[PDB]
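Single chain ahead, written as structure tokens, the form deposited in one PDB entry.
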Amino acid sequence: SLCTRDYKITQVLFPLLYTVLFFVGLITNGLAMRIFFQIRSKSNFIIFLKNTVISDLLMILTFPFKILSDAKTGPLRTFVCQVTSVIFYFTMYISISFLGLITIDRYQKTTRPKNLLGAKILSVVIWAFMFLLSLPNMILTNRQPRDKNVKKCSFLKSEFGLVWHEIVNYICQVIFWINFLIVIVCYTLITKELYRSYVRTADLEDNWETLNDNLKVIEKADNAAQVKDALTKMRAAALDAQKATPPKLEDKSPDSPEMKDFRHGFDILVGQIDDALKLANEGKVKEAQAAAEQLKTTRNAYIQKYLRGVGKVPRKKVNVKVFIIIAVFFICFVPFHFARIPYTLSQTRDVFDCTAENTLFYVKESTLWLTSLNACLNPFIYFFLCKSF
């Protein structure tokens, strides 16, 4: 009512920071639209990112109206409170909702029209839901601005309008946390799968060590008993690695040629150990060592290089796209939603002190800037792809 807010810093710092976002964002979205609208909608991920790029556009279009209003209350600030600021929040939760759907879609592809119709109807669901939340926030901004200095939208809203403001901010907390928990669960399952794929590849490489290091002992061996002990250990290690299922041959049947090449590949190496085993059983040292050294030949070394390469962890396991989403959530959306509820409470009722209401506003405005940073960082999911370079 009689509270004074220090605008000496916010009128220089924030319009300058938002000029940078408006500049970068238009270049980023300019490149994103000419790349995404020139390609067809053959997958669900393309449809969701085609909707995210048009939502990012409306978010960037809001910034010039904020640059002028924060720099200077008047008819411009009244309009910002009524139209542009509401549009910013509308497209923000649209971007969050689609980011959650992109995380689910990309997670389902790591585990493996009617499929495309589902993605298209879910797009309509998000756009209609957020508009039905934003529309009353625009209409109910009806209260005469008595003073030309009091720059707060809560003071320009009616009794029912202030109630709808409190409801929407709670619904938006539910919208954020449902999408944020979706991104956490998906990421955890991917990271858990990466550990499971690592252990299986580590056990495969350990069998190769109890085949390479044991062969070095045979080269320095003197008695027939020392060669016979190492030959039995090498045969067991090669047999154990043959039974193993690598992460590359995960979605492959045991009757497939790819699975058969891996099984027979080890049998060629097992055979050479078995040939030297017959010589070692009799009591031969030089005759058994010559047959054991046949595993180091140009042809057999290629087989060892092939079987090791098949065992290796693929790039399909390392999901960079889901990690970009979780990083965007922690930097852009998490700090903002951790300061919205204490700020919304100071807006609904004049219960806080002048210094208390001011401190909450500066924290809200600073965190709101990081939320705006997502609009210039969201098309990077498209830029870090195979068909984008």
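Residues carry their position along the shown sequence, with the first being 1. Take the two forms, find the largest set of C-alpha atoms that superpose within 1.5 Å, and that set is the rigid core.
The same protein also has a form deposited in another entry, omitted here; what follows describes it.
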| said: Once the core is aligned, does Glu193 move its Cα by at least 2 Å between the shown form and the other one? | reply: no
| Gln173: CA shift of at least 2 Å between the shown form and the other one after core fit? | no
| message | Please determine whether the C-alpha atom of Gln82 is displaced by 2 Å or more between the shown form and the other one following superposition on the rigid core. | response | yes
